[PDB]
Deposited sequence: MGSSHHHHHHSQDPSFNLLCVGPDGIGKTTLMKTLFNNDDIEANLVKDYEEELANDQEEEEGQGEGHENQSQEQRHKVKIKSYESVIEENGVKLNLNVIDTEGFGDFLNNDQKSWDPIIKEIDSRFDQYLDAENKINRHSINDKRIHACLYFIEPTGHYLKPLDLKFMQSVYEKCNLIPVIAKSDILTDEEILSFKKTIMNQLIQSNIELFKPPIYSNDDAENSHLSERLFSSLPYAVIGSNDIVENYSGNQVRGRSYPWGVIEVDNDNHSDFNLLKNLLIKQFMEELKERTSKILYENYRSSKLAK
């Protein structure tokens, strides 16, 4: 029972914090299995739906931080996706098959900087090379800094850009709210009612992870973990992996 989740975004955008928030665990990145982007693979055991689940979070270092962020610089990410497909394919083709350990990536979270403006040329290029190989889920990182109106306007611009570039997002059989405006925090803070809640505390207010009125964190949690995890795994297996296999032959 495995789940492999890829986080793509510039350093400091909030990837690790969001992972600790989603899985309600501060040790998600404790076991690391081992010119260009570097790939960090962390393995973790999380109980979900009452059963045990082997979580693998894949992370990037240095994405977007080079002078020239061309395809060569972030190609390690695509090679990692392909390699996990290639491992499954080799295991499937072995004569002495054994119960296959499934490392294929089941979702790619793409972390968009909260500019309020538009998707950058690098965001479009990367997402165009990935969406046929992973379930692509874009999110607006650190969305607490955005006004309610900026979120609406920014989401609209992003969606139109993705349509124009023919980038196909994951769609549950939620979708109208993509990209999700998310916040991250696995830390407890006191709010104005005196309650202990997960969130971030500033002189200008307290934002609450688990508050549906403050961000789309719960929509993302529903999509990844609580409601549609199996749909993510099935589209990886039945559609994306199968397209990759057939394209090799």
Practice task
No C-alpha coordinates anywhere in a stretch? Then put that deposited-sequence range on the list, in order along the chain.
Solution key: 1-13, 48-75, 215-229, 306-307
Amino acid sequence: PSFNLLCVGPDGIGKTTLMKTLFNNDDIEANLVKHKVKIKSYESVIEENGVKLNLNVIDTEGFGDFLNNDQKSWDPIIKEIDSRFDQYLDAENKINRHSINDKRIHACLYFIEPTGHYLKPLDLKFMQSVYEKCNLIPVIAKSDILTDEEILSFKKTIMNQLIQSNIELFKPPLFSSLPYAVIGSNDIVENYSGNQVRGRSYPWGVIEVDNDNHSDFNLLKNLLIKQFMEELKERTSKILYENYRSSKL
From here on, numbers count along this sequence of modelled residues.
Practice task
May I ask you to compare 235-243 and 20-28 by their mean CA B factor in the entry and name the higher one?
Solution key: 20-28
Problem - 79-87 versus 92-100 - which carries the larger mean C-alpha B factor in the record - result: 92-100
Exercise for the section: Pick out which of 188, 224, 37, 182 has the highest C-alpha B-factor in the PDB entry. Expected result: 188
Exercise for the section: Sorting the chain's modelled residues by C-alpha B-factor, tell me whether residue 108 ends up in the lowest, middle or highest third. Expected result: lowest
Exercise for the section: Using the B-factors in the PDB entry, rank residue 154's C-alpha atom against the chain and give the third, lowest, middle or highest. Expected result: lowest
Practice task
Taking the values exactly as deposited, rank residue 166 by C-alpha B-factor within its chain and report the matching third: lowest, middle or highest.
Solution key: middle
Practice task
Check where residue 178 lands among this chain's C-alpha B-factors and tell me if it's the lowest, middle or highest third.
Solution key: middle
Practice task
For residue 192, return the chain-relative third of its C-alpha B-factor as stated in the PDB record: lowest, middle or highest.
Solution key: highest
